[PDB]
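Enquirer: Fold the following for me, if possible:
(chains A, B, C, D, E, F, G and H)
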Amino acid sequence: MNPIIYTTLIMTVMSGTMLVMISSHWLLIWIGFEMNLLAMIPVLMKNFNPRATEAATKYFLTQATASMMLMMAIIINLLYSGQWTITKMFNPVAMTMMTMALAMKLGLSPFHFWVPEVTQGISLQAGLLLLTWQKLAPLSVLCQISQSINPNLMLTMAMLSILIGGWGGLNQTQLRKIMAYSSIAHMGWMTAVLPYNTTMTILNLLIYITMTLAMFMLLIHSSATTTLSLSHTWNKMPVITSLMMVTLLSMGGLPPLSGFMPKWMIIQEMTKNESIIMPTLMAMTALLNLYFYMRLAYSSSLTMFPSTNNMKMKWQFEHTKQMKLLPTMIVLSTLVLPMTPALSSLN
Amino acid sequence: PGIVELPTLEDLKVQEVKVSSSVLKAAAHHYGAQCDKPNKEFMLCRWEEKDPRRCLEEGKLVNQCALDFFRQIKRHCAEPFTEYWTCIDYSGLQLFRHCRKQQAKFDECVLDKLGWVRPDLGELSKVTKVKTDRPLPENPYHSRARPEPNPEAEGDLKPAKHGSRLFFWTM
Amino acid sequence: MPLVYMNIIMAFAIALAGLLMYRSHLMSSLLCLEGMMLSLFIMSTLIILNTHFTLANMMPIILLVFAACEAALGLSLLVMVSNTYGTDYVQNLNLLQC
Amino acid sequence: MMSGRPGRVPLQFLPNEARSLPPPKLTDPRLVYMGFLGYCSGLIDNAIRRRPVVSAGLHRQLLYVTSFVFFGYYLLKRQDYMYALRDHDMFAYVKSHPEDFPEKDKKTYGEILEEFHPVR
Amino acid sequence: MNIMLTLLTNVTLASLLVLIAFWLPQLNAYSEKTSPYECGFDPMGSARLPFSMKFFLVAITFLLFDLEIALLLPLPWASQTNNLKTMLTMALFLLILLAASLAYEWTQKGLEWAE
Amino acid sequence: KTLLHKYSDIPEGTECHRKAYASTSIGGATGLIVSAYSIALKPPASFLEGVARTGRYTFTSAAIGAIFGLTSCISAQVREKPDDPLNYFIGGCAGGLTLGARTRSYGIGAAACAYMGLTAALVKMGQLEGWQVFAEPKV
Amino acid sequence: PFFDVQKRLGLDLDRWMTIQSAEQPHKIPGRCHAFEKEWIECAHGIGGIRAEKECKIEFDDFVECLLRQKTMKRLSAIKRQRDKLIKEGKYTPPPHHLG
Amino acid sequence: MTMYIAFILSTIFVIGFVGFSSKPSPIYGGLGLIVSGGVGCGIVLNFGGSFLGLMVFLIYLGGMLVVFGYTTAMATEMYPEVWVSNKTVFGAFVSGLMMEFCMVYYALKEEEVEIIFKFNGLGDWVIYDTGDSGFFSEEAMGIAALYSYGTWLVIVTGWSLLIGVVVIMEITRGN
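Expert: Residues are numbered from 1 along each chain as shown, chains lettered A, B, ... in the order given. Let me share the structure:
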């Protein structure tokens, strides 16, 4: 891809997301979604392998189904209310239909099998983009319309995302798949906290965005895609694996690392809303995420693995890609807990 | 729940002026010139009250004045008006473009028989001021009492008592 | 809540069911998607024409505008699956399962 | 909680009124800790690039801590303003609704019948 | 009233002409008569196997081009507004963007057929 | 929700037949849901064996719900202890062993005893208290 | 909007189409302009949570005007009862109702 | 009779939808969508809208022609299927047709069906409004305001179309 073309496509993805997060008209929000979908496929197809074609397809048809469903909801709302403004749904059917219409975009419900597939098929950089930037728009729409959600549906969605993500992550050695399942689990956390206080949803989303950025760019700088290849990084470059394990402990949410602050704050919120079984359930089932986080950490830094002799030349040559914002990203990824009350800035 | 009040059939028993659309189109400009007061009063009543069940008397008076206008044109310029409206009626779109000679005959007839002049281009489309004597409807939309506005937020701001008050963070 | 709306909504429902079920090909699913789009256009047009929302008649035109764009992108995806696969069927599209 | 408060103007850090609050002190432990994050970010940056993590690129580390402190100051001012707004909306609503905030006819423990549990 | 009466007249007249064409002439059919025509000799055997079309890019961008004319066609009524400056700017915006799209395709092979 | 409400209308213990029927229907509904998901994600081979799979799942689930209902009502009536959480605990081992006896496994139903009975005790405790698994936004 | 840039810049991008009572081309009124105007002017600044309880009958009238079957159900039962009782000769329509 | 018209056209719309939703050969699915789009344009015409129906007509015929041109090129088989050839497509067609049959059956007798939404099916002539459009069609002034009012929509649609051509170029590049 011509670099200018790639820049324009990225700008169009960002412009679609911005149009979603700044427009009041429902049609304009859908137009932003459409621009995002339209510009996302070539980014995946950048490397042009059959894996990329497979993943880009599976991405497309799911998103297209979700967007058409979103139109069905918008049109029903207009029919029953006569308003395009993004305030609240005046027809229960329209909203209990858009809840999953906006869900396949996030990929949390049983509408989640597409996420690991697309993540594994496409390249790692576009995987970072898909798992970080492609979630602000539907989450923004959900935040705007959170006033009129059916809490039972949204909470069931969040529970299923958490449970299946944590369980599926236990049975993959490819980094892209277990990161997709981790993203599903974090989607479940944020979507669970969504109906009560959207500020905690924003805080968890920001923490997840920065921390997944740090994790993925560490993966890119390590040039690893399978567990064995990542384990081999210790001989060539040990500081990457050392930061890997700390960032994985943050993935699991072990305090005093940054990853606890959302998991903590979310639990503080819904227990204020008389919800006690749900926070305990999520707190216990995050251990499934933690298990494969520690499995990845064990065979990356905590136990040095059989290396390859040709790495004698690999140590001889340094890196060239700068990986901008990485050292800052690790810092906000591990130690921001003492500045927890700063979440009031979001509110 | 309520009453759909409807005036009885006696009030809307107007004389029901009977001329075809072509005849109306032929005398359009002169009628608009020499009948503007009843039309304007009736329409201002219609737009202000927003209730045709209320301004029926103006609907009577406009028809009375229209019938008076047509009676005058019958009494003074029957033949040129008849030929002009027939020639207008022949056209499918009822265009004034094809019928100009008959228009000239009609115009001169009404000018020297009833003291009329056709309005110039755009004269018949200017907003007029009526001197109606009815009151202004206080609640044309029959709107109910508006909900009281939310209590306004005001007052000087002081530092939050004991800082954030969020767990062990004192400051 | 009138009658024609029932028929258009029901047509959209069957088109949604048809999209969410594949049999062999990729073109058929795309056609079912554009049928969903057709039902959306007819429904929205009915709604706005009925309500005399004159400023909103552009909305079905913009619907069709992005409709054609998605159809084009989907069939280009099918071009690539045919180029790397010879055919367009979806059951043989399994290389990403593991 | 406050995204719908009347008078809010979107997309601007401090809404002018916040200057009536005491600005956070430059010594503030929250601020200096955010400066510490600036130092740490420099350490990873040198370590991530195979550099003498302590001595390498003094300017780069110096830029890191300075940048963190500046955004640290504005975040702290923004943080304190919201908490001040939370207290303002609280007490104003408390005063505006006396019936929903009853007062308690204060009495001492000598008249409270607090049951005692024998610890056996 | 009129339009479907018309359409019905055309379709029934056509279906009739088909009927007289297909039932009157007293056909006599055998297998080799209805055999596919392949310039004499028997066809190799296909007529439904994939037939490559090298203007697939051109064919698909026709869809976007013909789509834009939907935006373009309200112009005869759009000219009769009170904001001619904005209407002119937006119409020239559509036309300039179509020109840019066509030029991008022309320069980046695009309209040129595949081989 | 009304299908679940059928259990709610019948007081615990009394009207054991209606409660057993309601619990059997709960089990069967969950059974066809699980079997539908199973034949969706996991491909079957034909119609008759697909019926075999969904019938096995709905049979297991309907038996589980039925025996849970029967054990609950007969235990609450025989002991005159309707509020007893352990009333549901027999539904656990009944739910356990037969489930293992549905899979012809010993440890399966052995662990299912404790797991399902404990969860049954806590859900019953949801009736005893004012617990809300899906709490509406209050603060 | 999430990040309402439009109010910050004072620029209109989509607010013109949001409601039926806005300035339509050539001042063409909406079918339910009056009801929408009354409902909107009712619950403005009052709060989107107080709107449901306070401005209820206004929104009910507006939604009726949009869909109209507390009126069309009236018509349907009127027609049903008419066709019912006319069948066995209880009522005959007046001449003005069939020509 | 001419009383309903819109009802019958909606039934043909649904039947055309069933035709291509049954996953037949893509040419036959295109034909089914063609008849569905034509009768939908008829419905929009009968509901006081002329430009919108003809726009659906033209745009969808262009799109479906390109779908055909791709179908016989890429998405074809040595044995194209019919709505009666395979038992799966026959089953889908049967399910759709009998379904819509029983939906319209439950609809046009009781005329008070609750399904999803309350559907009081008296007649589509009822909901029409007594109005006066003067010397301008409302739909014409409506879609003519795109260049005067909806400037933002103009910008976003043009940008989306240009970048759609860009992506149609990039996806089909093939190394």
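Enquirer: show me what contacts the residue of chain B found nearest chain C?
Expert: Distances from chain B to chain C, computed as C-beta to the nearest C-beta, single out residue B:50 as the nearest residue at 16.9 Å. Where you see a C-beta, it was placed from the backbone N, CA and C, and this is true even at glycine. Taking C-beta atoms under 8 Å, 6 or more residues apart in numbering or on different chains, we find residue B:50 in contact with B:137, B:140, B:141, G:34.
Enquirer: What subset of the residues you listed is buried?
Expert: residue G:34 (16 or more other C-beta atoms under 10 Å in any protein chain shown).
Enquirer: possible to save the contacts of residue B:50 as TSV with secondary structure and distance to residue A:13?
Expert: Compiled in TSV, those are given as follows (DSSP: H, G, I helix; E, B strand; the rest coil; distance: C-beta to C-beta, whole Å):
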residue	secondary structure	distance to residue A:13
B:137	coil	55
B:140	coil	51
B:141	coil	47
G:34	helix	43
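Enquirer: Look up how far chain B lies from residue A:147.
Expert: Remark: distance between residue A:147 and chain B (C-beta to the nearest C-beta, to the nearest Å) = 16 Å.
Enquirer: What residues does that residue make contact with?
Expert: Applying C-beta under 8 Å, 6+ apart, the residues contacting residue A:147 are A:87, A:88, G:48, G:49.
Enquirer: Please enumerate the helices of chain C.
Expert: C:4-19, C:27-51, C:58-85 (DSSP state H).
Enquirer: Including mean neighbour count and distance to residue A:334, could the ones you listed go into TSV?
Expert: TSV is the format used below for these (neighbours: other C-beta atoms under 10 Å in any protein chain shown; distance: least, C-beta to C-beta, whole Å):
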stretch	mean neighbour count	distance to residue A:334
helix C:4-19	23	44
helix C:27-51	26	45
helix C:58-85	23	40
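Enquirer: can you list the ones you listed in JSON lines and add distance to residue D:114?
Expert: Formatted as JSON lines, the helices of chain C follow (distance: least, C-beta to C-beta, whole Å):
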{"stretch": "helix C:4-19", "distance to residue D:114": "65"}
{"stretch": "helix C:27-51", "distance to residue D:114": "67"}
{"stretch": "helix C:58-85", "distance to residue D:114": "69"}
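Enquirer: can you tell me which residues contact residue 63?
Expert: I'll assume chain A. Contacts of residue A:63 (C-beta under 8 Å, 6+ apart): A:37, A:40, A:104, A:105.
Enquirer: that's the other chain; I wanted chain H
Expert: C:34, C:68, C:71, E:63.
Enquirer: now, which of these sits nearest residue A:44?
Expert: residue C:71 (18.9 Å; C-beta to C-beta).
Enquirer: From residue E:61, how far out is that closest one?
Expert: 12 Å (C-beta to C-beta, to the nearest Å).
Enquirer: repeat for residue A:222
Expert: Residue A:222 is 41 Å from residue E:61, by C-beta to C-beta.
Enquirer: cool, and residue D:90?
Expert: From residue D:90 to residue E:61 the distance is 61 Å (C-beta to C-beta).
Enquirer: out of the two, which sits in the busier spot?
Expert: Between residue D:90 and residue E:61, residue E:61 has the larger neighbour count (other C-beta atoms under 10 Å in any protein chain shown), namely 24 against 13.
Enquirer: Kindly confirm my reading that that one is in a helix.
Expert: Yes: judged by DSSP: H, G, I helix; E, B strand; the rest coil, residue E:61 forms part of a helix.
Enquirer: Test my guess that it contacts residue H:166.
Expert: No: if you go by C-beta atoms under 8 Å, residue E:61 and residue H:166 don't touch, sitting 10.7 Å apart.
Enquirer: and residue 120, what helix or strand is that in?
Expert: Defaulting to chain A. Taking DSSP states H and E as the criterion, residue A:120 maps to helix A:114-121.
Enquirer: try again with chain F
Expert: Assigned by DSSP H and E, residue F:120 falls in helix F:106-128.
Enquirer: what comes into contact with that helix?
Expert: By C-beta under 8 Å, 6+ apart, helix F:106-128 touches F:12, F:68, F:83, F:85-93, F:95-101, F:103, F:131, F:133.
Enquirer: Show me what counts as buried in it.
Expert: F:108, F:109, F:112, F:113, F:116, F:117, F:120, F:121, F:124.
Enquirer: Can I get those residues in JSON lines including distance to residue C:8?
Expert: Formatted as JSON lines, those follow (distance: C-beta to C-beta, whole Å):
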{"residue": "F:108", "distance to residue C:8": "51"}
{"residue": "F:109", "distance to residue C:8": "52"}
{"residue": "F:112", "distance to residue C:8": "49"}
{"residue": "F:113", "distance to residue C:8": "54"}
{"residue": "F:116", "distance to residue C:8": "47"}
{"residue": "F:117", "distance to residue C:8": "52"}
{"residue": "F:120", "distance to residue C:8": "47"}
{"residue": "F:121", "distance to residue C:8": "51"}
{"residue": "F:124", "distance to residue C:8": "48"}
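Enquirer: who's in contact with the nearest residue to residue A:151 once chain neighbours are set aside?
Expert: Leaving aside its sequence neighbours, residue A:151 sits nearest to residue A:195 (C-beta to C-beta, 6 or more residues apart in numbering or on different chains; 5.0 Å). Counting by C-beta under 8 Å, 6+ apart, residue A:195 makes contact with A:146, A:149, A:151, A:154, A:155, F:137.
Enquirer: In helices, which of the residues you listed fall?
Expert: Those of those lying in helices (DSSP H): A:151, A:154, A:155.
Enquirer: Around chain A, which positions in chain B sit nearby?
Expert: B:164, B:166, B:167, B:169 (C-beta under 8 Å from any C-beta of the partner chain).
Enquirer: ok, how many other residues are close to residue C:25?
Expert: 25.
Enquirer: quick one: residue A:188 and residue A:100, what's the gap?
Expert: Residue A:188 is 15 Å from residue A:100, by C-beta to C-beta.
Enquirer: Helix or strand for residue B:45, just tell me which one.
Expert: helix B:36-49.
Enquirer: before we move on, which element is residue H:63 in?
Expert: Using DSSP H and E, residue H:63 falls in helix H:51-71.
Enquirer: The helix or strand following that helix near chain C at all?
Expert: With elements assigned by DSSP H and E, the helix or strand that comes after helix H:51-71 is helix H:87-108. Yes: judged by C-beta under 8 Å from any C-beta, helix H:87-108 comes into contact with chain C through H:88, H:89, H:92, H:96, H:99, H:100, H:103, H:107.
Enquirer: quick one, what contacts the residue nearest to the third one when sequence neighbours are not counted?
Expert: To tie it back to what came earlier, the one meant is residue H:92. Leaving aside its sequence neighbours, residue H:92 sits nearest to residue H:22 (C-beta to C-beta, 6+ apart; 3.6 Å). Applying C-beta under 8 Å, 6+ apart, one finds that residue H:22 lies in contact with C:18, H:83, H:89, H:92, H:93, H:96.
Enquirer: quick one: which of those is nearest to chain A?
Expert: Nearest member of the contacts of residue H:22 to chain A, counting by C-beta to the nearest C-beta, is residue C:18, at 11.2 Å.
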